[PDB]
Amino acid sequence: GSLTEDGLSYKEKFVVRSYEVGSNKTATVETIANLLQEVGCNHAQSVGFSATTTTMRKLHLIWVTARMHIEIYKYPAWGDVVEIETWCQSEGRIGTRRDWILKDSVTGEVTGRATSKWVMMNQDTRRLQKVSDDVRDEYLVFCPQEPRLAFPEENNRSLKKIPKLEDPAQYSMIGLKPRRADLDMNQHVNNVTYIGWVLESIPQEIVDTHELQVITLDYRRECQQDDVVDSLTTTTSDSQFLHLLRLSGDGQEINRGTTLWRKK
Amino acid sequence: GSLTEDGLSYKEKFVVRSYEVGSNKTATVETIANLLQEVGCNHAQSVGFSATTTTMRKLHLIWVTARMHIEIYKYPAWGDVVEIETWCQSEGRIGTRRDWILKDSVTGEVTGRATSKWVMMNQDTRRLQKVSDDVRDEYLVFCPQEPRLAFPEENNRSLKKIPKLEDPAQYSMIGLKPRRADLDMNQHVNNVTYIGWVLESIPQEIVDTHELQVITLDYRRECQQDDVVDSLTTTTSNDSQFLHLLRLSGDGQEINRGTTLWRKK
Ligand SMILES: O=C(O)c1ccc(O)c(Cl)c1
Ligand SMILES: O=C(O)c1ccc(O)c(Cl)c1
């Protein structure tokens, strides 16, 4: 991987692995989400991050994911090479955004795109915050100053508000628990694990006859290492679904989302 | 990755990823096990498999894992490059073996080694069998003819018989279930998922003060997609050793047994 000529975006190529593909012999959406996080981390390292800036370390602040939105046109097959370009942009004091574009390395065609929203949090208290001028100033040195959007269109799916699923859910997968492989180096549940848990309650017949085209996921609260989660899904329709992840006991919401599937 | 000059082994380099490392900022043993399977798959593809041979496809036969044995001296850090060399060898009619050697790409030092035993099974009936002469002759053209062992030693750990853990277990993790990401392209539970499940019942205090040096795992029966597993561990021992058992949550049918050896950090 390398920063591009202008130093305002980063590109990396990945060869799809045998264990990264599903029943269709193409990369799963969880594999795609892991590659997005990997190229994001390599970009952060290339421009001087630990991921935190110097002012953030002084104030004990961290970036936390608020939303992930991914649209896939074609999933790469086992052995194929996918090139992913990523960049960040400040969104004033709301937070920051990281966008991605995925391409078939051979044809150069766009095979997918993604966008994510990040908010500032005090690492100790876990209290959300607005971004200060100091953090925005140092962030502006590695971001394009004119807007660059993976999802440019006004009123596009990536910004749509997601409603809360009402009981009874049409489908459910209960008692989901993270294992040590689901945790990151800081013992926090990996963001991709929540995508896997959401998809667990999609019925097998849909997975057998459709391919996932779009997923939008809000992250409200973290699942701790000793927590247990229930995954709930209801058909809202192409097939569309509404999703809810909540703690198995008291029902505290941890994520809500929507998926759109197209028939094979 | 590429076959070596003589065409009897395969090498591949991997850059360790951010999500592949654990609390020590080095690759987990599950990451190592996934890289071993990946270089094994790339080797099989480079020598014509599709991982069945022509005679196996005609007779509806497949290779299934019987045992995995891994020893790690040093785990690669995030961003490091690890080079893995792999090769296969026939073991007469018993089955086949795949061995691996892991090296630090910069120093060229050996940082780990692994060996696995595979047995032939009919894909439909699931009945184990001996290797036929046609299959033995077919894969002999891609294997070294003089023995090449990752674990050459006289009475080495890789071949040690593993006993069955007796109840009550000292530690347990109950109700483990595979999710869709734990399945391979044929909807079978990935071999690395069982390693993760074994390790789940090791207490956190051991994980915080020790590093895993050796794991030996026998595979007896598969966990199906709708099965639920219980992971059981008992301390058998500056080094800590454990005995492991994975069994179905309901009737207690054994699916795996193993041992781990941990050295203090
Ligand atoms: O292999 C598959 O089809 C597969 C894998 C993961 C996942 O979450 C889904 Cl919905 C399907
Ligand atoms: O992050 C770790 O320390 C880690 C990860 C996986 C695993 O199985 C164990 Cl025992 C530890």
# chains A, B, ... in the order shown; residues from 1 in each chain; ligands from 1

call {"tool": "residues_near_ligand", "arguments": {"ligand": "ligand 1", "cutoff": "7 Å", "atoms": "only C-alpha atoms and all ligand atoms", "output": "ChimeraX atom specification"}}
result
/A:21-24,28-30,196,199-200,202,207 /B:180-181,183,185

call {"tool": "select_by_dssp", "arguments": {"residues": "range 19-243 of chain A", "states": "alpha helix (DSSP H)", "output": "PyMOL selection string"}}
result
chain A and resi 29-46+54-59+133-139+191-200+204-209

call {"tool": "residues_near_ligand", "arguments": {"ligand": "ligand 2", "cutoff": "10 Å", "atoms": "only C-alpha atoms and all ligand atoms", "output": "number ranges by chain"}}
result
A: 179-187; B: 20-31, 193, 195-204, 206-212

call {"tool": "write_last_selection", "arguments": {"atoms": "N, CA, C and O atoms", "output": "compact mmCIF listing (two decimals), in the first residue's frame"}}
result
# COMPACT_ATOMS: atom_id res chain seq x y z
N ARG A 179 -15.90 -14.32 20.85
CA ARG A 179 -14.79 -15.12 21.35
C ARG A 179 -13.50 -14.24 21.28
O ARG A 179 -13.56 -13.11 20.76
N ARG A 180 -12.38 -14.71 21.80
CA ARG A 180 -11.16 -13.87 21.83
C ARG A 180 -10.73 -13.38 20.46
O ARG A 180 -10.27 -12.24 20.34
N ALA A 181 -10.95 -14.20 19.41
CA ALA A 181 -10.62 -13.78 18.02
C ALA A 181 -11.48 -12.60 17.56
O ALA A 181 -11.10 -11.90 16.63
N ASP A 182 -12.65 -12.38 18.18
CA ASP A 182 -13.51 -11.24 17.82
C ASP A 182 -13.03 -9.91 18.44
O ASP A 182 -13.65 -8.88 18.17
N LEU A 183 -12.02 -9.93 19.32
CA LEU A 183 -11.54 -8.71 19.95
C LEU A 183 -10.34 -8.15 19.22
O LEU A 183 -9.56 -8.91 18.64
N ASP A 184 -10.18 -6.82 19.26
CA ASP A 184 -9.02 -6.16 18.67
C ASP A 184 -7.86 -6.16 19.68
O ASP A 184 -7.99 -6.69 20.80
N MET A 185 -6.71 -5.55 19.31
CA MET A 185 -5.56 -5.49 20.19
C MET A 185 -5.85 -4.81 21.56
O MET A 185 -5.16 -5.09 22.53
N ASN A 186 -6.90 -3.96 21.65
CA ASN A 186 -7.26 -3.33 22.93
C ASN A 186 -8.40 -4.03 23.69
O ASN A 186 -8.93 -3.49 24.66
N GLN A 187 -8.74 -5.26 23.27
CA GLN A 187 -9.77 -6.09 23.88
C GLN A 187 -11.19 -5.50 23.75
O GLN A 187 -12.08 -5.80 24.55
N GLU B 20 -5.54 -9.04 12.70
CA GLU B 20 -4.96 -10.37 12.89
C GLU B 20 -4.16 -10.51 14.19
O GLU B 20 -3.75 -11.62 14.51
N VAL B 21 -3.91 -9.38 14.90
CA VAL B 21 -3.10 -9.38 16.12
C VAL B 21 -3.95 -9.29 17.37
O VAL B 21 -5.04 -8.72 17.36
N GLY B 22 -3.44 -9.85 18.44
CA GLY B 22 -4.13 -9.82 19.73
C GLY B 22 -3.55 -8.79 20.68
O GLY B 22 -2.86 -7.85 20.26
N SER B 23 -3.84 -8.96 21.98
CA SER B 23 -3.44 -8.05 23.05
C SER B 23 -1.93 -7.78 23.14
O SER B 23 -1.53 -6.73 23.61
N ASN B 24 -1.10 -8.68 22.60
CA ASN B 24 0.36 -8.57 22.55
C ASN B 24 0.87 -7.80 21.29
O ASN B 24 2.09 -7.67 21.09
N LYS B 25 -0.05 -7.31 20.42
CA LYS B 25 0.27 -6.66 19.15
C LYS B 25 1.05 -7.58 18.19
O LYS B 25 1.73 -7.09 17.29
N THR B 26 0.92 -8.91 18.38
CA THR B 26 1.49 -9.93 17.50
C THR B 26 0.35 -10.85 17.04
O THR B 26 -0.72 -10.89 17.66
N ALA B 27 0.56 -11.55 15.92
CA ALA B 27 -0.44 -12.43 15.32
C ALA B 27 -0.95 -13.47 16.30
O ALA B 27 -0.15 -14.07 17.01
N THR B 28 -2.29 -13.72 16.33
CA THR B 28 -2.82 -14.76 17.20
C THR B 28 -2.46 -16.16 16.64
O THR B 28 -2.14 -16.29 15.45
N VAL B 29 -2.61 -17.24 17.47
CA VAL B 29 -2.38 -18.57 16.92
C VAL B 29 -3.48 -18.91 15.86
O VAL B 29 -3.19 -19.59 14.87
N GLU B 30 -4.70 -18.32 15.99
CA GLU B 30 -5.74 -18.53 14.98
C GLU B 30 -5.31 -17.87 13.65
O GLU B 30 -5.46 -18.47 12.59
N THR B 31 -4.67 -16.68 13.73
CA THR B 31 -4.12 -16.05 12.50
C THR B 31 -3.06 -16.96 11.86
O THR B 31 -3.16 -17.28 10.67
N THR B 193 -11.61 -22.72 13.41
CA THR B 193 -12.65 -22.40 14.41
C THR B 193 -12.49 -23.31 15.67
O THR B 193 -12.65 -22.84 16.80
N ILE B 195 -9.70 -24.59 16.88
CA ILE B 195 -8.58 -24.07 17.66
C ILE B 195 -9.08 -22.92 18.56
O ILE B 195 -8.79 -22.90 19.76
N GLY B 196 -9.85 -22.00 17.99
CA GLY B 196 -10.41 -20.88 18.76
C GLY B 196 -11.28 -21.37 19.91
O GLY B 196 -11.16 -20.89 21.04
N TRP B 197 -12.16 -22.35 19.62
CA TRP B 197 -13.03 -22.92 20.66
C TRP B 197 -12.24 -23.60 21.77
O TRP B 197 -12.59 -23.44 22.95
N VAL B 198 -11.16 -24.34 21.43
CA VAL B 198 -10.31 -24.98 22.47
C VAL B 198 -9.75 -23.93 23.43
O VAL B 198 -9.85 -24.07 24.66
N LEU B 199 -9.19 -22.86 22.85
CA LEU B 199 -8.55 -21.78 23.59
C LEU B 199 -9.53 -20.97 24.45
O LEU B 199 -9.11 -20.40 25.45
N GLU B 200 -10.83 -20.95 24.08
CA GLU B 200 -11.84 -20.21 24.85
C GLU B 200 -11.90 -20.55 26.35
O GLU B 200 -12.27 -19.69 27.15
N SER B 201 -11.63 -21.79 26.72
CA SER B 201 -11.70 -22.21 28.12
C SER B 201 -10.36 -22.06 28.89
O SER B 201 -10.29 -22.42 30.07
N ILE B 202 -9.32 -21.50 28.24
CA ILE B 202 -8.07 -21.20 28.95
C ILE B 202 -8.40 -19.94 29.78
O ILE B 202 -8.98 -18.99 29.24
N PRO B 203 -8.07 -19.92 31.08
CA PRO B 203 -8.40 -18.71 31.88
C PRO B 203 -7.64 -17.48 31.38
O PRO B 203 -6.49 -17.58 30.96
N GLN B 204 -8.28 -16.30 31.49
CA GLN B 204 -7.70 -15.03 31.08
C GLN B 204 -6.36 -14.71 31.74
O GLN B 204 -5.48 -14.17 31.08
N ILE B 206 -3.93 -16.74 32.45
CA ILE B 206 -2.88 -17.44 31.70
C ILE B 206 -2.59 -16.66 30.42
O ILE B 206 -1.43 -16.39 30.10
N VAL B 207 -3.64 -16.26 29.69
CA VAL B 207 -3.47 -15.47 28.47
C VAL B 207 -2.72 -14.13 28.74
O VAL B 207 -1.90 -13.70 27.93
N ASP B 208 -2.95 -13.53 29.91
CA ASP B 208 -2.31 -12.27 30.30
C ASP B 208 -0.82 -12.44 30.71
O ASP B 208 -0.05 -11.48 30.60
N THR B 209 -0.42 -13.61 31.22
CA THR B 209 0.95 -13.81 31.73
C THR B 209 1.82 -14.77 30.91
O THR B 209 3.02 -14.87 31.14
N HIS B 210 1.21 -15.50 29.97
CA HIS B 210 1.94 -16.49 29.18
C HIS B 210 1.73 -16.30 27.69
O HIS B 210 0.80 -15.62 27.26
N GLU B 211 2.57 -16.96 26.90
CA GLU B 211 2.38 -17.02 25.45
C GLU B 211 2.29 -18.50 25.05
O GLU B 211 3.00 -19.33 25.62
N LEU B 212 1.39 -18.82 24.15
CA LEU B 212 1.21 -20.20 23.69
C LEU B 212 2.44 -20.65 22.88
O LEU B 212 2.79 -20.01 21.89

call {"tool": "closest_residue", "arguments": {"among": "B:103, B:263, B:13, B:93", "to": "residue 133 in chain B", "atoms": "only C-alpha atoms"}}
result
B:93

call {"tool": "closest_residue", "arguments": {"among": "A:43, A:69, A:25, A:164", "to": "chain B", "atoms": "only C-alpha atoms"}}
result
A:25

call {"tool": "closest_residue", "arguments": {"among": "A:67, A:74, A:136, A:188", "to": "residue 103 in chain A", "atoms": "only C-alpha atoms"}}
result
A:74

call {"tool": "select_by_dssp", "arguments": {"residues": "range 63-236 of chain B", "states": "strand (DSSP E)", "output": "PyMOL selection string"}}
result
chain B and resi 63-72+81-91+95-104+110-122+128-129+171-176+210-219+229-235

call {"tool": "closest_residue", "arguments": {"among": "B:262, B:171, B:19, B:73", "to": "chain A", "atoms": "only C-alpha atoms"}}
result
B:19

call {"tool": "atom_distance", "arguments": {"atom1": "CA of residue 10 in chain A", "atom2": "CA of residue 36 in chain B"}}
result
29.0 Å

call {"tool": "closest_residue", "arguments": {"among": "B:161, B:74, B:136, B:17", "to": "chain A", "atoms": "only C-alpha atoms"}}
result
B:17

call {"tool": "residues_around", "arguments": {"residues": "residue 39 in chain B", "least_positions_apart": "3", "cutoff": "8 Å", "atoms": "only C-alpha atoms", "output": "list in words"}}
result
residues 1, 10, 11, 12, 35, 36, 42, 43, 84, 85 and 86 of chain B

call {"tool": "write_last_selection", "arguments": {"atoms": "N, CA, C and O atoms", "output": "compact mmCIF listing (two decimals), in the first residue's frame"}}
result
# COMPACT_ATOMS: atom_id res chain seq x y z
N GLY B 1 3.10 -15.92 -3.88
CA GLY B 1 3.60 -17.25 -3.58
C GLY B 1 4.07 -17.98 -4.82
O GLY B 1 3.64 -17.64 -5.94
N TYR B 10 6.42 -25.07 -1.61
CA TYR B 10 5.82 -23.80 -2.01
C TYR B 10 6.10 -22.77 -0.92
O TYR B 10 6.04 -23.10 0.26
N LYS B 11 6.40 -21.52 -1.32
CA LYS B 11 6.65 -20.45 -0.36
C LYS B 11 5.73 -19.29 -0.61
O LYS B 11 5.47 -18.93 -1.76
N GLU B 12 5.32 -18.63 0.46
CA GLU B 12 4.50 -17.44 0.35
C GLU B 12 4.79 -16.49 1.49
O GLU B 12 4.98 -16.93 2.63
N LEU B 35 -3.13 -18.64 8.10
CA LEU B 35 -2.04 -18.48 7.10
C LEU B 35 -1.54 -19.87 6.63
O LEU B 35 -1.30 -20.07 5.43
N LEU B 36 -1.44 -20.84 7.56
CA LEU B 36 -1.01 -22.20 7.19
C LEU B 36 -1.99 -22.81 6.18
O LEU B 36 -1.58 -23.39 5.16
N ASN B 42 -2.84 -22.60 -1.65
CA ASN B 42 -2.12 -22.06 -2.82
C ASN B 42 -1.14 -23.09 -3.42
O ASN B 42 -1.08 -23.23 -4.65
N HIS B 43 -0.53 -23.91 -2.56
CA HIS B 43 0.33 -25.00 -3.02
C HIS B 43 -0.49 -26.03 -3.82
O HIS B 43 -0.11 -26.38 -4.97
N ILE B 84 6.29 -18.39 4.76
CA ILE B 84 5.94 -19.76 5.12
C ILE B 84 6.22 -20.71 3.97
O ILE B 84 5.77 -20.45 2.85
N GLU B 85 6.98 -21.77 4.25
CA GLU B 85 7.28 -22.81 3.25
C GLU B 85 6.44 -24.04 3.62
O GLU B 85 6.39 -24.41 4.81
N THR B 86 5.80 -24.66 2.65
CA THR B 86 5.00 -25.86 2.91
C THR B 86 5.29 -26.95 1.87
O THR B 86 5.67 -26.67 0.72

call {"tool": "closest_residue", "arguments": {"among": "A:56, A:84, A:47, A:35", "to": "chain B", "atoms": "only C-alpha atoms"}}
result
A:35

call {"tool": "residues_around", "arguments": {"residues": "residue 125 in chain A", "least_positions_apart": "5", "cutoff": "12 Å", "atoms": "only C-alpha atoms", "output": "list in words"}}
result
residues 59, 60, 61, 62 and 120 of chain A

call {"tool": "write_last_selection", "arguments": {"atoms": "N, CA, C and O atoms", "output": "mmCIF file, in the first residue's frame"}}
result
data_model
loop_
_atom_site.group_PDB
_atom_site.id
_atom_site.type_symbol
_atom_site.label_atom_id
_atom_site.label_comp_id
_atom_site.auth_asym_id
_atom_site.auth_seq_id
_atom_site.Cartn_x
_atom_site.Cartn_y
_atom_site.Cartn_z
ATOM 1 N N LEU A 59 -5.493 14.791 25.679
ATOM 2 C CA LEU A 59 -6.819 14.902 26.278
ATOM 3 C C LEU A 59 -7.540 13.560 26.497
ATOM 4 O O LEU A 59 -8.704 13.575 26.872
ATOM 5 N N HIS A 60 -6.871 12.416 26.263
ATOM 6 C CA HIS A 60 -7.456 11.080 26.408
ATOM 7 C C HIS A 60 -8.695 10.892 25.520
ATOM 8 O O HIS A 60 -9.690 10.329 25.950
ATOM 9 N N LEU A 61 -8.622 11.378 24.276
ATOM 10 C CA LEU A 61 -9.719 11.249 23.334
ATOM 11 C C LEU A 61 -9.420 10.178 22.302
ATOM 12 O O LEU A 61 -8.268 9.966 21.931
ATOM 13 N N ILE A 62 -10.476 9.522 21.814
ATOM 14 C CA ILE A 62 -10.373 8.506 20.767
ATOM 15 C C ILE A 62 -11.506 8.709 19.737
ATOM 16 O O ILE A 62 -12.525 9.329 20.034
ATOM 17 N N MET A 120 -15.962 11.722 18.309
ATOM 18 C CA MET A 120 -14.936 11.823 19.340
ATOM 19 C C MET A 120 -15.513 11.403 20.688
ATOM 20 O O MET A 120 -16.628 11.793 21.039
#

call {"tool": "residues_around", "arguments": {"residues": "residue 129 in chain B", "least_positions_apart": "6", "cutoff": "10 Å", "atoms": "only C-alpha atoms", "output": "PyMOL selection string"}}
result
chain B and resi 61+93-95+119-122

call {"tool": "write_last_selection", "arguments": {"atoms": "N, CA, C and O atoms", "output": "PDB file, in the first residue's frame"}}
result
ATOM      1  N   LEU B  61     -14.050 -39.240  -3.103  1.00  0.00           N
ATOM      2  CA  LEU B  61     -13.203 -39.213  -1.927  1.00  0.00           C
ATOM      3  C   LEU B  61     -12.684 -37.811  -1.672  1.00  0.00           C
ATOM      4  O   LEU B  61     -12.464 -37.040  -2.608  1.00  0.00           O
ATOM      5  N   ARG B  93      -0.432 -46.095   3.246  1.00  0.00           N
ATOM      6  CA  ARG B  93      -1.887 -46.197   3.181  1.00  0.00           C
ATOM      7  C   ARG B  93      -2.602 -45.485   4.336  1.00  0.00           C
ATOM      8  O   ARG B  93      -3.825 -45.362   4.290  1.00  0.00           O
ATOM      9  N   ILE B  94      -1.864 -45.031   5.371  1.00  0.00           N
ATOM     10  CA  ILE B  94      -2.464 -44.361   6.523  1.00  0.00           C
ATOM     11  C   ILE B  94      -3.180 -43.063   6.088  1.00  0.00           C
ATOM     12  O   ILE B  94      -4.325 -42.817   6.477  1.00  0.00           O
ATOM     13  N   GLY B  95      -2.480 -42.253   5.299  1.00  0.00           N
ATOM     14  CA  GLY B  95      -2.962 -40.963   4.831  1.00  0.00           C
ATOM     15  C   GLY B  95      -1.809 -40.121   4.313  1.00  0.00           C
ATOM     16  O   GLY B  95      -0.816 -40.643   3.782  1.00  0.00           O
ATOM     17  N   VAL B 119      -6.576 -37.826   6.508  1.00  0.00           N
ATOM     18  CA  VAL B 119      -7.060 -39.174   6.197  1.00  0.00           C
ATOM     19  C   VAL B 119      -8.101 -39.096   5.065  1.00  0.00           C
ATOM     20  O   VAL B 119      -8.710 -38.044   4.851  1.00  0.00           O
ATOM     21  N   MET B 120      -8.240 -40.172   4.305  1.00  0.00           N
ATOM     22  CA  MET B 120      -9.154 -40.230   3.175  1.00  0.00           C
ATOM     23  C   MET B 120     -10.532 -40.658   3.661  1.00  0.00           C
ATOM     24  O   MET B 120     -10.651 -41.576   4.482  1.00  0.00           O
ATOM     25  N   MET B 121     -11.568 -40.038   3.098  1.00  0.00           N
ATOM     26  CA  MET B 121     -12.930 -40.373   3.482  1.00  0.00           C
ATOM     27  C   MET B 121     -13.822 -40.303   2.265  1.00  0.00           C
ATOM     28  O   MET B 121     -13.581 -39.507   1.343  1.00  0.00           O
ATOM     29  N   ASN B 122     -14.878 -41.133   2.249  1.00  0.00           N
ATOM     30  CA  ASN B 122     -15.857 -41.048   1.183  1.00  0.00           C
ATOM     31  C   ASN B 122     -16.730 -39.844   1.565  1.00  0.00           C
ATOM     32  O   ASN B 122     -17.223 -39.780   2.687  1.00  0.00           O
TER      33      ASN B 122
END

call {"tool": "atom_distance", "arguments": {"atom1": "CA of residue 60 in chain B", "atom2": "CA of residue 91 in chain B"}}
result
20.8 Å

call {"tool": "residues_around", "arguments": {"residues": "range 215-230 of chain B", "least_positions_apart": "3", "cutoff": "8 Å", "atoms": "only C-alpha atoms", "output": "number ranges by chain"}}
result
B: 65-71, 158, 172-179, 183, 187-189, 195, 212, 246-250, 254-261

call {"tool": "residues_around", "arguments": {"residues": "residue 148 in chain B", "least_positions_apart": "6", "cutoff": "12 Å", "atoms": "only C-alpha atoms", "output": "short mmCIF file (atom, residue, chain, number, x, y, z; two decimals) with N, CA and C atoms, in the first residue's frame"}}
result
data_model
loop_
_atom_site.label_atom_id
_atom_site.label_comp_id
_atom_site.auth_asym_id
_atom_site.auth_seq_id
_atom_site.Cartn_x
_atom_site.Cartn_y
_atom_site.Cartn_z
N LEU B 8 8.99 -29.08 -5.51
CA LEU B 8 8.54 -30.00 -4.46
C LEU B 8 8.08 -29.32 -3.15
N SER B 9 8.07 -27.98 -3.12
CA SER B 9 7.56 -27.23 -1.95
C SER B 9 7.10 -25.85 -2.46
N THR B 86 5.80 -24.66 2.65
CA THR B 86 5.00 -25.86 2.91
C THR B 86 5.29 -26.95 1.87
N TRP B 87 5.08 -28.19 2.29
CA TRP B 87 5.23 -29.34 1.40
C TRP B 87 4.36 -30.49 1.96
N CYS B 88 4.10 -31.49 1.11
CA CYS B 88 3.31 -32.67 1.47
C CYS B 88 4.13 -33.92 1.38
N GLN B 89 3.69 -34.98 2.08
CA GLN B 89 4.34 -36.27 1.95
C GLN B 89 3.31 -37.37 2.18
N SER B 90 3.42 -38.43 1.39
CA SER B 90 2.56 -39.59 1.53
C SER B 90 3.03 -40.40 2.76
N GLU B 91 2.10 -40.96 3.53
CA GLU B 91 2.47 -41.85 4.64
C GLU B 91 1.87 -43.23 4.36
N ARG B 97 0.55 -36.18 4.93
CA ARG B 97 0.98 -35.20 5.90
C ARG B 97 1.30 -33.88 5.16
N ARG B 98 0.96 -32.73 5.75
CA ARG B 98 1.40 -31.45 5.19
C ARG B 98 2.21 -30.82 6.32
N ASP B 99 3.43 -30.35 6.01
CA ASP B 99 4.32 -29.70 6.98
C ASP B 99 4.56 -28.26 6.58
N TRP B 100 4.91 -27.43 7.56
CA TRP B 100 5.21 -26.03 7.31
C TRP B 100 6.37 -25.57 8.16
N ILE B 101 7.11 -24.57 7.64
CA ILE B 101 8.16 -23.87 8.35
C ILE B 101 7.90 -22.37 8.20
N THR B 115 2.83 -29.32 11.57
CA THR B 115 2.62 -30.56 10.88
C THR B 115 1.15 -30.95 11.05
#

call {"tool": "atom_distance", "arguments": {"atom1": "CA of residue 64 in chain B", "atom2": "CA of residue 44 in chain B"}}
result
14.5 Å
